[PDB]
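The structure appears below as structure tokens.
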Amino acid sequence: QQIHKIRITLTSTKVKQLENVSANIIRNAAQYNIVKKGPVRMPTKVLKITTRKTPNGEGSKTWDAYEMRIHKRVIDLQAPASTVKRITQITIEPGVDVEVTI
Amino acid sequence: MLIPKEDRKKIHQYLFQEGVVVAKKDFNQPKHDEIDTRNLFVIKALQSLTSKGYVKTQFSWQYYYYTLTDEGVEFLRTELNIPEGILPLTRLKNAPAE
Amino acid sequence: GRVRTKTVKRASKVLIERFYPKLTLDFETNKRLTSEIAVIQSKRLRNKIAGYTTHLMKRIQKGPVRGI
Amino acid sequence: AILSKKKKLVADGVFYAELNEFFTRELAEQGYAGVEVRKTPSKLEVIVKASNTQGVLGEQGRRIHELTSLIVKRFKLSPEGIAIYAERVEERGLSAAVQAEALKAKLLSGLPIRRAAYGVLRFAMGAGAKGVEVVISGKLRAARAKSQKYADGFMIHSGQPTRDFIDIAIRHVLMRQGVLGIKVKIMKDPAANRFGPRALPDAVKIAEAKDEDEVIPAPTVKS
Amino acid sequence: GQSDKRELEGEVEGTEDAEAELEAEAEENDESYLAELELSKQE
RNA sequence: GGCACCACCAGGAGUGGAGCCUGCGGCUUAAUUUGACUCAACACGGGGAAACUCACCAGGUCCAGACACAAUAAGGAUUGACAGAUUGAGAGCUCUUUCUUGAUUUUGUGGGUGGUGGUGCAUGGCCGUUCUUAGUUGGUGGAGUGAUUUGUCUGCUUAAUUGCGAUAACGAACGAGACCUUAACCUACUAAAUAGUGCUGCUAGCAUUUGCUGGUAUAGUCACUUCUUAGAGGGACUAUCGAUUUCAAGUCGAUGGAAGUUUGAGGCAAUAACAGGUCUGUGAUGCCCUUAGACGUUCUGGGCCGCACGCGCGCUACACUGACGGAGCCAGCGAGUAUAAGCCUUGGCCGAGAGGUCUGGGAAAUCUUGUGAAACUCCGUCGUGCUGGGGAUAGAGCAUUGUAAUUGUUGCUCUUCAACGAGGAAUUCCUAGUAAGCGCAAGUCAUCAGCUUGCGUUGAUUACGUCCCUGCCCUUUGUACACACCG
Ligand SMILES: [Mg+2]
Ligand SMILES: [Mg+2]
Ligand SMILES: [Mg+2]
Ligand SMILES: [Mg+2]
Ligand SMILES: [Mg+2]
Ligand SMILES: [Mg+2]
Ligand SMILES: [Mg+2]
Ligand SMILES: [Mg+2]
Ligand SMILES: [Mg+2]
Ligand SMILES: [Mg+2]
Ligand SMILES: [Mg+2]
Ligand SMILES: [Mg+2]
Ligand SMILES: [Mg+2]
Ligand SMILES: [Mg+2]
Ligand SMILES: [Mg+2]
Ligand SMILES: [Mg+2]
Ligand SMILES: [Mg+2]
Ligand SMILES: [Mg+2]
Ligand SMILES: [Mg+2]
Ligand SMILES: [Mg+2]
Ligand SMILES: [Mg+2]
Ligand SMILES: [Mg+2]
Ligand SMILES: [Mg+2]
Ligand SMILES: [Mg+2]
Ligand SMILES: [Mg+2]
Ligand SMILES: [Mg+2]
Ligand SMILES: [Mg+2]
Ligand SMILES: [Mg+2]
Ligand SMILES: [Mg+2]
Ligand SMILES: [Mg+2]
Ligand SMILES: [Mg+2]
Ligand SMILES: [Mg+2]
Ligand SMILES: [Mg+2]
Ligand SMILES: [Mg+2]
Ligand SMILES: [Mg+2]
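Chains as they are written, first to last, in the UniProt record's numbering: chain A, 16 to 117; chain B, 1 to 98; chain C, 2 to 69; chain D, 4 to 226; chain E, 108 to 139, 151 to 161.
Here is the structure:
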């Protein structure tokens, strides 16, 4: 249990904090001589819900079209497990959630 | 409401020591997951307590939020015949943070 | 139609009254100049303001323009 | 248990939507503005912004202690897994939620509408709002219902900037004769915005003429 | 406020409400035995 | 005067004519719950109702009527109950029957509480409509005693109160435009074993020329980012050149360009307003009604589908530019589960089918999935025939979902094979990847899509104009209207 090929999966609704955490981890993986693969932009998922505007059923048939974009990025690191987890706490962000899988 | 004295008891030592109780609005639920009695019993037992000014009741999104009044701690002080050591847990003066 | 609005017409002619010597008849040069002269919130309004300023510059060399 | 990515971000949002309304009903009297859920390792930080952080943190912080317990018992959270903090809103005048709750507490005290309406028009502007408009609709002693708008200053209406520089709050006011509906629209000054754009899209700021220097024929200044 | 009065008053009485509150609120900011043990001590 | 395919011109596809689906009225009903009636009611209430939903009808239970009292009450206030009768019912609902529990609780008073009960003509919020048309407003100045007026306009122009220009006005604000999302470009950056490729290992088939098609490849511990994904940017601003014009705003042609109709399409959208629609979305609501033989809630069964009829949104078709039968074989938008209460389901094996069974993958750019979709194309049969067009109506049978399919949920098999031979008066939608076909996904959803919301395949005819009809806006005008002609 030392140096491993380690995956960090990043998902969030907003891209600004996602790219800051992504760049900050990449920055810390640069000055630290750790070979890295990423970030990989997964195809963004558009969660769309189309309801009727009318609470009742009177009027012209008008519809809302709500959206919820989900952006997912995965980054591959080659480092021991202790090093990668402390990197996560350095780049902790409320919006972006992190899951680590070996 | 017809609650057995023993089942009503468990309802009272949950509304004290963690002096707040949350109950989902379903009358036929077998177990409220935190008071080993019928869920309907919990709603109606605490409906009397809020009816007699011992707990505040708040309702939001089909859920009951029961909180114990300071006047209600004294009521369980005597009726339960418990030692006069008070402060259930939400009154234990854990103090906030700044 | 391609009728420019007032937010681009009046803002472009303020530039000529203020930065005529540095302006020119080339849109590409004018486009870069107005990014350091004015604070434009959107890129599209940048290439519009400069595109109408170029037309006015092209018109000033043929005679006097009204409003400048 | 095992929940999909699509269904997890929605659940976090749905949890926020239900949690937000819970504070509006419970902490209505304390000028509740909004809630911020700061997820972190080993803890669930929740920041509530209210005009009065004494009613929540009262009698040795008994209410806030008894209020975080109502959330552990409803969302099956560990007692240590959640922490609630009460934070004072810095600029109370710029929050339409606080202004709408304040108006309701005045209307329910029998104060006249004109005196109550102008109390938020001047309070919003005093805090530095670019503009404000208040609409109150319902029935008052008269059988027929009416609405009155009270504008002031500059207000934008269409396009994206209304989503950036305007916050809104609608509440229903329970009167002895019916329901009063109040709308508090407050447009903040874009120059003070610290996260989004700092000006309106069509605001063009031309720099000043740096010219009018004197040119001398052709020397060379050595160094 | 369907009158020439009480609306004058709405404005003035209303504005002195805010002026008193901006200064008051700007001052408010510038100066900023257990229970389960008793259920187990039956030994 | 002006604008507009919810107006017309030139046209296209039609609808109205047939059968059927579905909604509305009517009729009927034990009930066939109900809202909505020109645009802006009638495939609308996301309303595709077997139960639930459910509000209706015929019946049967429960209090889930908190709380202060008063009465009763341990010599027991009350709750549950085997067996038989009763009941649709193994509802102690009720009746014979004596057992059990024990001050929680039974009766009266107040007080509640709950209502898809009434009032949307008492209200909030929301939505539709006037109207997404282009309109609206104040400061100073001018006119008027004033309310007011000018600014906000003759003309040209624009999609536009948007601009030029004329000007007792000048300079502005909201709305418009800007803004935001999406689609089309980037061999220029940043990377990608959940994307792709060339090489390279290993490997197959065909002619041997070293070539042409593949499989394999999560260690080849390769190379690259064009195709694929998305973040930071760049790129179009009517750019250059010709014409017209008050030489102005602009418009029309070319050239370059990925894009030159606001680049295509949308989201948001002003000042006021309507007795517009919803209390049948809300533990949103005022008031009225009901509240124990309930108008609360639950259980059973039926109804919302009921059929001499009028009307609206649509689907199949009336054939040969076609039906079948084989064969070729291409998208995009999306969705997907765990001790559940069961998701998407490949692959294998049975079965004519519908469908069944065993494993495995996928909480997902990984697997379903290249969703190998349909129109379409090729080759055949048919040969103008109510024919192999069309597939109602009906008989018999086989499966699926569901407690439950009878008034057939749906699917499949055989058989029956009806009107309809292009549709009167009228009337709808539409200008480029558009119309028209053609399917697929998501929503409702245990099952059922002739419905909507989107997506993509194939892909046109005809204007790029006008106020002739119709609607709306502006100016002038009249007014005994201002609750504003519903005067
Ligand atoms: Mg604007
Ligand atoms: Mg706009
Ligand atoms: Mg015609
Ligand atoms: Mg047809
Ligand atoms: Mg429908
Ligand atoms: Mg029913
Ligand atoms: Mg029933
Ligand atoms: Mg019925
Ligand atoms: Mg009912
Ligand atoms: Mg109405
Ligand atoms: Mg209304
Ligand atoms: Mg004036
Ligand atoms: Mg004046
Ligand atoms: Mg204007
Ligand atoms: Mg504007
Ligand atoms: Mg691989
Ligand atoms: Mg190979
Ligand atoms: Mg557009
Ligand atoms: Mg009406
Ligand atoms: Mg109701
Ligand atoms: Mg209701
Ligand atoms: Mg509803
Ligand atoms: Mg009943
Ligand atoms: Mg019906
Ligand atoms: Mg029937
Ligand atoms: Mg329709
Ligand atoms: Mg064929
Ligand atoms: Mg795939
Ligand atoms: Mg025949
Ligand atoms: Mg048939
Ligand atoms: Mg016609
Ligand atoms: Mg018409
Ligand atoms: Mg059905
Ligand atoms: Mg479907
Ligand atoms: Mg008049």
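Note that beta-carbon positions come from the ideal geometry of N, C-alpha and C, so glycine has one too.
Fill in: Simplified DSSP assignment, three categories, for residue 71 of chain C
No answer is possible for residue 71 of chain C: it lies beyond the span of chain C, which begins at 2 and ends at 69.
Discussion item. When you compare the CB positions of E132 of chain E and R174 of chain D, do they come within less than 9 Å of one another, or not?
Written reply: The residue given as residue 132 of chain E occupies position 25 in the fifth sequence. The residue given as residue 174 of chain D occupies position 171 in the fourth sequence. Their beta carbons are not under 9 Å apart, which means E132 of chain E does not touch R174 of chain D by this criterion.
Discussion item. What are the residues in the segment 199–218 of chain D lying within 8 Å of chain C by C-beta distance?
Written reply: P200, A202, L203, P204, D205, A206, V207, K208, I209, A210, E211, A212, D214
Item to complete: Please decide whether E156 of chain E counts as near chain B, where near means a Cβ-Cβ distance under 9 Å.
Response: Here residue 156 of chain E refers to the residue found at position 38 when the fifth sequence is read from its first residue. It does: the Cβ of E156 of chain E has a partner Cβ on chain B nearer than 9 Å.
Worksheet item: Roughly how many whole angstroms lie between the Cα atoms of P70 of chain A and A80 of chain A?
Response: As a working mapping, residue 70 of chain A is identified with position 55 in the first sequence. As a working mapping, residue 80 of chain A is identified with position 65 in the first sequence. The alpha-carbon atoms of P70 of chain A and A80 of chain A are separated by roughly 15 Å.
Worksheet item: Where are the alpha helix (DSSP H) runs, 4 residues long or more, that stay fully inside the UniProt domain "Small ribosomal subunit protein uS10" (22–116) of chain A, in chain order?
Response: DSSP runs (the alpha helix (DSSP H)) wholly in the UniProt domain "Small ribosomal subunit protein uS10" (22–116) of chain A: 30–46, 96–105.
Item to complete: Please name the residue, chosen from D:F18, D:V135, D:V218, that lies closest to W61 of chain B on a Cα-to-Cα basis.
Response: Here residue 61 of chain B corresponds to residue number 61 of the second sequence, with the count starting at 1. Answer by Cα proximity: D:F18.
Practice prompt. Can you pull the chain E residues whose beta carbon is under 9 Å from the beta carbon of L87 of chain B, in chain order?
Written response: For the purposes of this step, residue 87 of chain B is taken as residue 87 along the second sequence, with counting starting at 1. For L87 of chain B, the C-beta contacts it makes with chain E under 9 Å involve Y151, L152, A153, in order along the chain.
Worksheet item: Going by the beta-carbon positions, is the gap between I107 of chain A and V99 of chain A smaller than 9 Å?
Response: Residue mapping note: residue 107 of chain A aligns to position 92 of the first sequence, counting from 1. Residue mapping note: residue 99 of chain A aligns to position 84 of the first sequence, counting from 1. For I107 of chain A and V99 of chain A, no; Cβs fall outside 9 Å.
Worksheet entry | Complete alpha helix (DSSP H) runs within the UniProt domain "KH type-2" (22–93) of chain D (minimum length 4 residues, chain order) | Within the UniProt domain "KH type-2" (22–93) of chain D, the runs of alpha helix (DSSP H) that reach at least 4 residues and sit entirely inside it are, in chain order, 65–75.
Worksheet item: So, are the CB atoms of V49 of chain D and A86 of chain D less than 9 Å apart?
Response: Taking the fourth sequence and counting its residues from 1, the one referred to as residue 49 of chain D is at position 46. Taking the fourth sequence and counting its residues from 1, the one referred to as residue 86 of chain D is at position 83. Yes, the pair counts as a contact, with Cβ atoms nearer than the cut-off.
Worksheet entry | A154 of chain D beta carbon less than 9 Å from that of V135 of chain D | Position 132 of the fourth sequence holds residue 135 of chain D. Position 151 of the fourth sequence holds residue 154 of chain D. For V135 of chain D and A154 of chain D, yes; Cβs fall inside 9 Å.
Worksheet item: Quick one: is the Cβ of residue 13 of chain A within less than 8 Å of any heavy atom of ligand 26?
Response: Absent from the model: residue 13 of chain A. The displayed extent of chain A is 16 to 117, so no value can be given.
Item to complete: Would you mind working out which of D:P204, D:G129, D:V123 sits nearest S161 of chain D, comparing C-alpha positions?
Response: Here residue 161 of chain D refers to the residue found at position 158 of the fourth sequence. For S161 of chain D, the nearest C-alpha among the options comes from D:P204.
Worksheet item: For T8 of chain C, which residues of its own chain have a beta-carbon under 8 Å away from its beta-carbon, when the five flanking residues on both sides are left out?
Response: The count along the third sequence starts at 1 and reaches residue 8 of chain C at position 7. Result list for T8 of chain C: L46, in chain order.
Worksheet item: Applying a beta-carbon distance threshold of less than 7 Å, which residues of chain D neighbour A97 of chain B?
Response: Counting from one through the second sequence, the residue named residue 97 of chain B turns up at place 97. Those within 7 Å of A97 of chain B in chain D are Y88.
Worksheet item: Going along chain A in order, which residues have a C-beta closer than 7 Å to the C-beta of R41 of chain D?
Response: Along the fourth sequence, read from residue 1 onward, the residue named residue 41 of chain D stands at position 38. Under the 7 Å cutoff, chain A gives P109.
Practice prompt. Can you grab the Cα-Cα spacing for the pair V176 of chain D / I41 of chain C, in whole Å?
Written response: For the purposes of this step, residue 176 of chain D is taken as the residue at position 173 of the fourth sequence. For the purposes of this step, residue 41 of chain C is taken as the residue at position 40 of the third sequence. Those two C-alpha atoms are separated by around 44 Å.
Worksheet item: Nearest to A120 of chain D by CA position, among E:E156, E:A125, E:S110, is which residue?
Response: Position 117 of the fourth sequence, counted from the first residue, corresponds to residue 120 of chain D. Cα-wise, what sits closest to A120 of chain D is E:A125.
Fill in: Exposure label - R65 of chain D; buried when at least 16 CB within 10 Å
Along the fourth sequence, read from residue 1 onward, the residue named residue 65 of chain D stands at position 62. Buried, by the Cβ-count rule.
Discussion item. What would DSSP say about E128 of chain E, mapped onto helix, strand or coil?
Written reply: Counting from one through the fifth sequence, the residue named residue 128 of chain E turns up at place 21. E128 of chain E falls in the helix class under three-state DSSP.
Fill in: Under 9 Å (Cβ pairs) to chain D, residues found in the segment 31–51 of chain C
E37, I38, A39, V40, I41, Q42, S43, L46, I50
Worksheet item: Can you list the residues of chain A that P44 of chain D reaches, using a CB-CB cut of under 9 Å?
Response: Start at 1 with the first residue of the fourth sequence, and residue 44 of chain D comes out as number 41. Within 9 Å Cβ-Cβ: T103, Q104, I107.
Worksheet item: Helix, strand or coil for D170 of chain D per DSSP?
Response: Taking the first residue of the fourth sequence as position 1, residue 170 of chain D is located at position 167. Strand at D170 of chain D.
Fill in: chain B contact for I67 of chain D (CB, 9 Å cutoff)
Working through the fourth sequence from its first residue, we reach residue 67 of chain D at position 64. True, the Cβ-Cβ gap to chain B drops below 9 Å.
Fill in: Cutoff 8 Å; reference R84 of chain A; Cβ partners in own chain excluding five residues on either side
The count along the first sequence starts at 1 and reaches residue 84 of chain A at position 69. Closer than 8 Å at Cβ, skipping near neighbours: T28, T59, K60, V61, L62.
Discussion item. Nearest by alpha-carbon distance to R113 of chain E: which of D:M158, D:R125, D:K208, D:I116 is it?
Written reply: Numbered from 1 along the fifth sequence, position 6 holds the residue referred to as residue 113 of chain E. The shortest C-alpha separation from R113 of chain E is found at D:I116.
Worksheet item: With 9 Å set as the bound, which would you pick, yes or no: does the beta-carbon of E138 of chain E sit closer than that to a beta-carbon of chain D?
Response: Taking the fifth sequence and counting its residues from 1, one reaches residue 138 of chain E at position 31. Taking Cβ atoms only, chain D never reaches closer than 9 Å to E138 of chain E, which makes this a no.
Worksheet item: Would you report the Cα separation of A31 of chain D and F25 of chain D, rounded to the nearest angstrom?
Response: Against the fourth sequence, residue 31 of chain D aligns to sequence position 28. Against the fourth sequence, residue 25 of chain D aligns to sequence position 22. Note on geometry: alpha-carbon atoms of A31 of chain D and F25 of chain D lie some 10 Å from one another.
Practice prompt. Output yes if chain E places a C-beta closer than 9 Å to the C-beta of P115 of chain D; else output no.
Written response: As a position in the fourth sequence, residue 115 of chain D is number 112, starting the count at 1. It does; some Cβ of chain E falls within 9 Å.
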